[PDB]
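The figures here come from the full heavy-atom set of this structure, side chains too, leaving out hydrogens, waters and symmetry mates. Residue numbers start from 1 in every chain, and the chains themselves are labelled A, B, ... in the order their sequence lines are given, proteins ahead of strands.
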Number of protein chains: 2
Amino acid sequence: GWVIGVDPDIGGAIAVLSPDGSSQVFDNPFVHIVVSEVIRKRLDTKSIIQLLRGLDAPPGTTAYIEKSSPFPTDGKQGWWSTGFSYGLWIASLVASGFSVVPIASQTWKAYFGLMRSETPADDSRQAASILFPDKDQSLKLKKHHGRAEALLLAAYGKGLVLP
Amino acid sequence: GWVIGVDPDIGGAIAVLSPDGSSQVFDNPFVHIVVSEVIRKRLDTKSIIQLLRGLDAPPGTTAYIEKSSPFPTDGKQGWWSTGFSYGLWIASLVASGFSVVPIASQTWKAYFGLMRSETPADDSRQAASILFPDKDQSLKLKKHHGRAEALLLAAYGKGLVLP
DNA sequence: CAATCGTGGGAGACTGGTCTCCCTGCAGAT
DNA sequence: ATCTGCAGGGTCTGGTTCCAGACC
DNA sequence: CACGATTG
Ligand SMILES: [Mn+2]
Ligand SMILES: [Mn+2]
Ligand SMILES: [Mn+2]
Ligand SMILES: [Mn+2]
Ligand SMILES: [Mn+2]
Ligand SMILES: [Mn+2]
């Protein structure tokens with residue numbers, strides 16, 4: 001029936017799949033805030049929970065979320081942000097009725113044959129264009145790869161297959 | 001007269017002050033999980049949300065939460081954790097109807113004159129024992145300093161004063 | 001606005017300065 | 001079960017008993 | 001991935 005997918009980073013997205021094969025994809029809401037006298041983007045907690053409140057996806061729907069796995073060479077702020085986005089999303093999903101399943105990036109990439117691309121984000125939008133043709137206008141820009149990975153997470157949880 | 005205080009780390013706690021001067025304090029729920037073939041503690045998302053929903057504090061009650069401020073010398077896992085813990089609590093508090101006010105640790109310590117101690121954990125427990133003498137039996141171990149800081153955070157928000 | 005690049009970084013409270021503040025993760029001692 | 005000491009750290013998944021190769 | 005930056 002219903003499946004949710006969540007790419008939790010700042011330019012990520014949430015995707016909702018209906019039993020009737022239709023789909024929705026939403027950019028992660030954010031706000032600009034002051035930290036250490038500079039501007040920083042940060043996920044908008046209250047918009048997120050409101051967004052999840054207005055989904056038609058019923059309670060107990062599974063949400064597939066990408067596991068945070070920051071690289072050891074990433075700085076400590078990157079580690080903080082991936083940690084923070086993960087917790088903010090997971091708690092929002094659990095608080096809104098949804099059962100949360102963390103999926104590693106290698107898993108859903110392996111399942112759609114996306115391993116070791118020269119241009120991994122481009123391929124993601126292509127694969128997601130093919131699984132969700134009606135979302136093809138929403139995947140034209142390079143910054144739309146977050147919408148694609150949300151869709152691909154949901155498509156993975158749903159068990160969809162590429163042609 | 002209702003105030004919540006949250007110390008968000010893994011040994012932290014949530015303190016709830018009612019308008020009749022009574023007070024509760026609960027340790028942060030956590031679970032043991034496997035990460036890279038060792039065991040770790042992580043906050044327990046379902047249990048925190050169930051606990052927030054059990055509170056009689058009405059909607060819009062302000063929750064004072066200690067701002068995450070990890071040191072540049074702390075490891076990247078330190079930053080991840082405090083990031084994760086902070087977003088999980090913030091999201092959990094907002095979804096449960098409470099207003100979230102981040103408070104720097106320098107603010108509530110200066111408010112109580114705790115700044116610049118050689119035994120800052122002991123002092124917090126001593127100060128919370130005085131503000132909340134019925135919590136004295138619950139503050140006699142050193143590991144209880146998380147209860148102390150949550151109690152003191154809530155005491156900051158409510159405007160209490162040491163005698 | 002949309003994209004590309006290179007490196008991995010504190011933050012906060014009372015006209016920049018000064019100063020003080022949190023942890024995690026793992027081992028070892030009782 | 002409680003405390004202390006000290007340095008600041010990847011994690012995951014197919015494939016086993018430890019690796020190889022991959023990923024944000 | 002994040003964070004500052006600079007590119008049309
Ligand atoms: Mn991602
Ligand atoms: Mn991106
Ligand atoms: Mn992404
Ligand atoms: Mn604290
Ligand atoms: Mn402690
Ligand atoms: Mn604490």
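Linking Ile, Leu, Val, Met, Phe, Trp and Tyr residues whenever their side-chain heavy atoms come within less than 4.5 Å leaves B:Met115 and B:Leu151 in two separate clusters. In the hydrophobic clustering of this structure, A:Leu141 does not group with A:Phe26; members are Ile, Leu, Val, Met, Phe, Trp, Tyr whose side-chain heavy atoms approach within less than 4.5 Å, directly or through other members. Under the 4.5 Å side-chain contact rule for hydrophobic residues, A:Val6 and A:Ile90 share a cluster. In the hydrophobic clustering of ILVMFWY residues, with side-chain heavy atoms under 4.5 Å counting as a link, A:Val16 and A:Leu152 come out apart. Residues A:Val94 and B:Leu55 share a hydrophobic cluster, clusters being chains of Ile/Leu/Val/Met/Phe/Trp/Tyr side chains in contact below 4.5 Å.
Using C1' as the reference atom, C:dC19 and C:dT7 are 30 Å apart when rounded to the nearest Å. Spacing between D:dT13 and D:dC23 at atom P, rounded to whole Å, works out to 14 Å. C:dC26 and D:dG9: their P atoms are spaced 12 Å apart (whole Å). Spacing between D:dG15 and D:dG21 at atom P, rounded to whole Å, works out to 13 Å. Atom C1' of C:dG8 sits at a distance of 13 Å from the matching atom of D:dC24, rounded to the whole Å. A distance of about 15 Å separates the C1' atoms of D:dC12 and D:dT16, rounded to the whole Å. Comparing the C1' positions of D:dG5 and C:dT30 gives an interatomic distance of 15 Å, to the nearest angstrom. Across the P atoms, C:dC14 and E:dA2 are found 31 Å apart, a figure rounded to whole Å.
Base pairing analysis places D:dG15 opposite D:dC18; the two distances defining the Watson-Crick or G-U wobble pair are each below 3.5 Å.
Using the sign of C1'-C2'-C3'-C4' as the criterion, D:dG8 is classed as a south pucker. With a positive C1'-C2'-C3'-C4' torsion, the sugar ring of C:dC23 falls in the north range. Judged by the sign of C1'-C2'-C3'-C4', the sugar at E:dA5 is north, the angle being positive. For C:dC14, classification of the furanose by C1'-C2'-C3'-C4' yields a south pucker, on the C2'-endo side. Going by the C1'-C2'-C3'-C4' torsion, the sugar of E:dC1 sits on the north side, since that angle is positive.
Looking at heavy-atom distances under 4.0 Å, A:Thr73 makes contact with a base. At the heavy-atom level, A:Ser36 lies under 4.0 Å from base atoms of the strands shown. If you check every strand for non-hydrogen atoms under 4.0 Å, A:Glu37 touches nothing. Counting non-hydrogen atoms under 4.0 angstrom, B:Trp79 reaches the backbone sugars and phosphates but no base. Residue contacts shown for B:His32 are absent, as no nucleic acid heavy atom lies under 4.0 Å away. Residue contacts for A:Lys76: at a heavy-atom cut-off of 4.0 Å it reaches a base atom on one of the strands shown.
With distances taken from any side-chain atom of B:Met115 to the nucleotides C:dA3, D:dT11, C:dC21, the minimum falls on C:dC21. Comparing C:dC23, D:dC23, C:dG10 by their nearest atom to the side chain of A:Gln77 picks out C:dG10. Side chain of B:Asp7, nearest nucleotide from C:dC23, C:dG10, C:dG12: C:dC23. Side-chain proximity of B:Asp9 to C:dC23, C:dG25, D:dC23: nearest is C:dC23. Taking the side chain of A:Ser81 as heavy atoms from C-beta on, and the options D:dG14, C:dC22, E:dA2, the nearest nucleotide is E:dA2. Closest to the side chain of A:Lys142, out of D:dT2, C:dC21, C:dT4, is C:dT4. Here E:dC3 is the nucleotide among D:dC3, E:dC3, C:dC23 with the atom lying nearest to any side-chain atom of A:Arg40. Checking D:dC3, C:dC22, E:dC1 against the side-chain heavy atoms of B:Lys143 singles out D:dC3 as nearest.
Legend: stacked base step between C:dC22 and C:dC23; six-membered ring centres less than 5.5 Å apart, planes less than 30° apart. For the consecutive pair D:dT4/D:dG5, the pyrimidine-type rings sit with centres less than 5.5 Å apart and planes less than 30° apart, qualifying as a stack.
Nearest-nucleotide assignment on DNA chain C puts the 5′-proximal partner with A:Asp74, out of A:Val35 and A:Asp74. Positionally, the nearest nucleotide of DNA chain C for B:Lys67 lies more toward the 5' end than for the other of B:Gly11 and B:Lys67.
Classification of B:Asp7 and B:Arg147 as a salt-bridged pair fails, no side-chain N sitting under 4.0 Å from a carboxylate O.
Closest of all the heavy-atom pairs between B:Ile49 and A:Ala91 is CD1-O, 3.5 Å.
The separation between A:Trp108 atom CH2 and D:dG14 atom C1' is 18 Å, rounded to whole Å. As rounded to whole Å, 15 Å separates atom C1' of D:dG15 from atom CD of A:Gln106. Between the CH2 atom of B:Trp80 and the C1' atom of D:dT11 there is a distance of 11 Å, given to the nearest Å. Here C:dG25 presents its P atom at 11 Å from CG of B:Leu43, a figure rounded to the nearest Å.
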>> Run B:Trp80 and B:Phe84 through ring pair (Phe, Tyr, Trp, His ring centres under 6.0 Å) and show every step you take.
In response: CA-CA 6 Å; B:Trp80 192 94; B:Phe84 176 80; 5.0 Å; yes
>> Using salt bridge (charged side-chain N to carboxylate O under 4.0 Å, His left out), reason through A:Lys76 and B:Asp74 one step at a time and then give a plain yes or no.
In response: CA-CA 9 Å; A:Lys76 63 203 79 163; B:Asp74 297 357; over 6 Å; no
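A donor atom on one side chain and an acceptor atom on the other are found under 3.5 Å apart for A:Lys135 and A:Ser23.
Put simply, B:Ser69 sticks its side chain into the minor groove, getting closer than 5.0 Å to the bases there.
Secondary-structure stems of DNA chain C, taken as three or more successive Watson-Crick or G-U wobble pairs (i with j, i+1 with j-1) under a 3.5 Å distance threshold, comprise C:1-8 with E:1-8, C:10-14 with C:17-21, C:23-29 with D:2-8.
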